[PDB]
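**Q** can't give you the sequence, but here's the structure:
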């Protein structure tokens, strides 16, 4: 639809969540922890082999931006990794404007 954000809302943990696609069939939670060890230990890690996709959530927006810039289109086991923010486009809100 549109692009950017209306300003959102502040929370006790930042939305530092990355989606990871094009994963090999030989990936583990320990391989995914090692692939991100340059950015420190993640606050959440998931992989689902019946779909071929994973998810990982870092400590700060800065770490998640650097990890996105460093890992997207990176070669792994002969596959090319897809890396993106798991949330990026904002939801709707109630606020009309006159002129």
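**A** Received it, and whenever you're ready, just let me know what you need. Numbering: from 1, shown residues only.

**Q** give the contact list for the nearest residue to residue 82 once chain neighbours are set aside.
**A** With C-beta to C-beta, 6 or more residues apart in numbering as the criterion, residue 82 has its nearest non-adjacent residue at 3.6 Å, and that residue is residue 21. No exception for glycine: its C-beta is placed from N, CA and C like everyone else's. Residue 21 makes contact with 52-53, 81-84, according to C-beta atoms under 8 Å, 6 or more residues apart in numbering.

**Q** Sticking with residue 19, tell me its helix or strand.
**A** When elements are assigned from DSSP states H and E, residue 19 belongs to strand 17-21.

**Q** so what strands line up beside that strand?
**A** strand 53-57 (antiparallel), strand 82-85 (antiparallel) (DSSP bridges).

**Q** so how far is the longest one from its chain's centroid?
**A** Per C-alpha atoms, centre = their mean, to the nearest Å, the displacement of strand 53-57 from the mean C-alpha position of its chain is 7 Å.

**Q** same question, the last one
**A** Put simply, strand 82-85 sits 6 Å off its chain's centre (C-alpha atoms, centre = their mean).

**Q** picking that back up, for the contacts of residue 21, which one is nearest residue 3?
**A** For the contacts of residue 21, the closest approach to residue 3 (C-beta to C-beta) belongs to residue 84, at 15.2 Å.

**Q** still on that earlier bit, pull out the buried positions in the strand holding residue 19.
**A** For strand 17-21, burial by neighbour count (16 or more other C-beta atoms under 10 Å) applies to 17-18, 20.

**Q** Now the element after that strand, going C-ward?
**A** helix 29-35.

**Q** Give the pairing partners of the helix or strand just after that following helix; include direction for each.
**A** As assigned by DSSP H and E, the chain's next helix or strand after helix 29-35 is strand 44-48. Under the criterion DSSP bridges, strand 44-48 sits next to strand 53-57 (antiparallel) in its sheet.
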